[PDB]
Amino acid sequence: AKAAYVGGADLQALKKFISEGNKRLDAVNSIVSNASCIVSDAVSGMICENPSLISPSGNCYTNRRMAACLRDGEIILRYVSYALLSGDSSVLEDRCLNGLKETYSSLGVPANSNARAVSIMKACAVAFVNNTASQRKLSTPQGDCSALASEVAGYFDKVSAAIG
């Protein structure tokens, strides 16, 4: 539960190990600094396209179910952000995805709806990484982050495949 901190010389070394270190940390930053919005928008969009999810028979009906769903969206988003920080999907697959479809099948968490929630979070993340807004609307130097965008997109695709 204790937090790890990577600054100074350790951070210098880290950015020598992962590719495009500086841009990669900006990419992570742009996602985690907007985490609650990404998760809520994806769950809200999942539902607005399928209102039966919040009908009395839907899997997001009641505050208890909605909170568990928003929680799961954040868990998944955060494991994806750690995959981007790390540069591979090993922890994402082992600590989050492996066994998750089986979990959702036993709970009856709808796969068609999770598929859409994941694809929206993916759309959010790609837009923040490959942000084509003007320089004046960016907190980072304008440049080409398309490779990082494609990488994070791949991590979401691994989520989709695992629980599809």
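All residue numbers are counted from 1 along the displayed sequence.
Mean C-alpha B-factor is higher over 127-135 than over the other stretch, the pair under comparison being 43-51 and 127-135. In the PDB entry, a CA B factor belonging to the lowest third of its chain's modelled residues is recorded for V28.
Sort the modelled residues of the chain by CA B factor and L85 lands in the middle third. Ranked by C-alpha B-factor against the other modelled residues of its chain, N34 falls in the lowest third. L97: CA B factor lies in the highest third for its chain, per the PDB record. When the CA B factors of the chain's modelled residues are split into thirds, the value for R65 lands in the middle one.
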